[PDB]
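Structure first, then comments.
Number of protein chains: 2
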Amino acid sequence: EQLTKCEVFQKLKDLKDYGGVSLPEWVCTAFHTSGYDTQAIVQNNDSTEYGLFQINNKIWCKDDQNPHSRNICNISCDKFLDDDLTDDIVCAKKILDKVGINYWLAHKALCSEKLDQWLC
Amino acid sequence: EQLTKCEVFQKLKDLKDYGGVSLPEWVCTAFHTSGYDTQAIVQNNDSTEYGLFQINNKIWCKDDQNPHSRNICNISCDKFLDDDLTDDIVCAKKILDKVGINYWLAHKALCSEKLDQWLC
Ligand SMILES: [Ca+2]
Ligand SMILES: [Ca+2]
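Chains as they are written, first to last, in the numbering used here: chain A, 353 to 472; chain B, 353 to 472.
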């Protein structure tokens, strides 16, 4: 389901200020990551990334493509392709605590200027 | 509107192989740039970027915010905010001639793996 900025804003409420990352910075990260598409799947030679947060199957969730995943989020990757963001959010917090915002942003400044434009 | 993978595939047909860039490579580029949204507008402290190709008002188009724009594409940035992609494409060709795919991609590798995933 392709979500709108405002719908995403509502749905990511429980991530607000988590780790010190504001809600507007979360919606921005989501835009640049999957364009608000809960079912986005992107493949690489090596891995595959799932849903809105583009969670990979080599470290975070378990795939048929890769059963030998470290599976930190202890979940099957396809749980990140539905409309329920609950489990996506739980996994997104570990990624933040383990690797930081750069998992998603190549440069942080990408989501630090004019943050009020992400406000719904 | 927020177009789907297949809608964008048909709409950018005009660009197939231009500068050597295959069609699946353009769809990949659009995904990563605007998430397929023709009305995306993103602001920086320095400039604003419009539409599908996130064309900036500092060098390519002109708007109320910055009149000192070099305006290489000789056009108003708001023409890059509707559902007709004809003029966006003509301007995207100029950017490709001048700066290359690196206007959109930090690393071309980003859009060279599993190109068949971007096929409709
Ligand atoms: Ca889910
Ligand atoms: Ca247009």
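Ideal placement from N, C-alpha and C gives every residue a C-beta, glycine not left out.
My assumption, with CB atoms under 8 Å, is that residue i sits in contact with residue j. Please give the rounded CB distance.
i	j	result
A:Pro-376	A:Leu-471	6 Å
B:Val-379	B:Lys-357	6 Å
B:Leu-355	B:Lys-363	7 Å
A:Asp-398	A:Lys-410	7 Å
A:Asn-396	B:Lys-460	Rounded, the Cβ-Cβ distance is 14 Å, inconsistent with contact.
B:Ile-453	B:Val-360	The Cβ separation is near 17 Å, so there is no contact.
Report the neighbours of residue i on chain B: residues whose CB is nearer than 8 Å to its CB, in chain order.
i	result
A:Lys-466	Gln-395, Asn-396, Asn-397
A:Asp-389	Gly-387
Name the two residues that bound the continuous beta strand (DSSP E) containing residue i.
i	result
B:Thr-400	400 to 402
B:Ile-393	393 to 395
Can you give me the start and stop residues for the alpha helix (DSSP H) that residue i sits inside?
i	result
B:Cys-443	438 to 450
residue 309 of chain B	Look at the range of chain B in this structure, 353 to 472, and you will see that residue 309 of chain B is not part of it.
B:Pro-376	375 to 386
Along chain B, in chain order, which residues have C-beta atoms closer than 7 Å to that of residue i?
i	result
A:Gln-354	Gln-354
A:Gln-469	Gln-395
Could you tell me if residue i is buried or exposed, where buried requires 16 or more neighbouring beta carbons within 10 angstroms of its beta carbon?
i	result
A:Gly-387	buried
A:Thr-385	buried
B:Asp-389	buried
B:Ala-392	buried
A:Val-451	exposed
residue 475 of chain A	Residue 475 of chain A lies beyond the residue range present for chain A, which begins at 353 and ends at 472; the question has no answer from this structure.
residue 335 of chain A	There is no way to answer for residue 335 of chain A, as the model of chain A reaches only from 353 to 472.
B:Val-442	exposed
A:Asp-436	exposed
A:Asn-408	buried
A:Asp-440	buried
Find the residues of chain A that neighbour residue i, judging by a C-beta separation of less than 7 Å, and give them in chain order.
i	result
B:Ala-444	Near B:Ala-444 there are no residues of chain A at all, since even the closest Cβ is about 18 Å away, more than 7 Å.
B:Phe-383	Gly-387
Legend entry - contact_flag[the segment 429 to 442 of chain A, the segment 400 to 411 of chain A] where n(CB pairs < 8 Å) is 3 or more: The segment 429 to 442 of chain A vs the segment 400 to 411 of chain A: in contact.
Legend entry - Inter-stretch contact at 8 Å, needing at least 3 Cβ pairs: the segment 418 to 425 of chain B / the segment 442 to 451 of chain B: Three or more beta-carbon pairs drawn from the segment 418 to 425 of chain B and the segment 442 to 451 of chain B are found closer than 8 Å, and the two stretches are therefore classed as touching.
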